[PDB]
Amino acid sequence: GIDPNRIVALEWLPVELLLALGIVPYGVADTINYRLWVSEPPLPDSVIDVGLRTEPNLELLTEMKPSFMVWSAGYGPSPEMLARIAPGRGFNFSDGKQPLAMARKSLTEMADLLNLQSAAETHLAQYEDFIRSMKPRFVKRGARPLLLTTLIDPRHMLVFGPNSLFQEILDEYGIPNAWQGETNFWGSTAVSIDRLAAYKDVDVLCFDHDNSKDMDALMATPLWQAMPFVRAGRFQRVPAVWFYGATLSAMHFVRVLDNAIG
């Protein structure tokens, strides 16, 4: 990916890989929603918005002449088509089981392409040290399971399972994941609100994403007010954290997790 000042990121996973290595993306797809869902690593104003991750402005990309383009494997435009625009590389979010293990491989992969091998090691070290250092902030709690969720719309809640980005973190902190049901490759699944009522005694965190009107609707239903974990006083709304990112999203999760139940 030769010129490090002309890299265009078409998905938020590799944006995060670039930022962790100190690169300032030349262009990034959907900067508007990035602010609502990822929020962290804010993107400098210089960054050029190249459209939706699913329908990027191909005209713009062509005019921009990126030195390299990065995206997420299995997501968005055809990689065969993108490769026709400029040199590029697709990155894997997971192997279907451990997203963070993949995140560490992707970071190394990206760094080798950009010859930032040292920057990647320093970061990976900062990452592993941070996760370990926070461990004692969750020694107090027991084995009460934790349910990680986010509201898609009043009728569907996403729940993050065993193969989600957050699992390795929960595992390291000795926090059982309340969700042991099915999940997609990305580590989540959408469930109707009633399915959440099955969780009598658990702590629940719900990541916000500028959806107060939606949350308001949900919390106004008799079902939500009847929710056992709600009445138990175990429900908490927390700030947005990208669930399909890498090491930066993982550390962002720990800070949010800390503030919520640390």
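Numbering starts at 1 and follows the sequence shown.
The mean C-alpha temperature factor is higher for 77-85 when 125-133 and 77-85 are set side by side. With 28-36 and 197-205 compared on mean CA B-factor from the PDB entry, the stretch scoring higher is 197-205. Highest C-alpha temperature factor among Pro145, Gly96, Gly90, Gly181, as the PDB entry reports it: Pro145. The PDB entry assigns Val50 a C-alpha temperature factor belonging to the middle third of its chain's modelled residues. Looking at the C-alpha B-factors along this chain, the one for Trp71 belongs to the lowest third. In the deposited entry, the Cα temperature factor of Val191 places it in the lowest third of its chain's modelled residues.
Sorting the modelled residues of the chain by their CA temperature factor places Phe185 in the lowest third. When the modelled residues of the chain are ordered by C-alpha B-factor, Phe160 sits in the lowest third.
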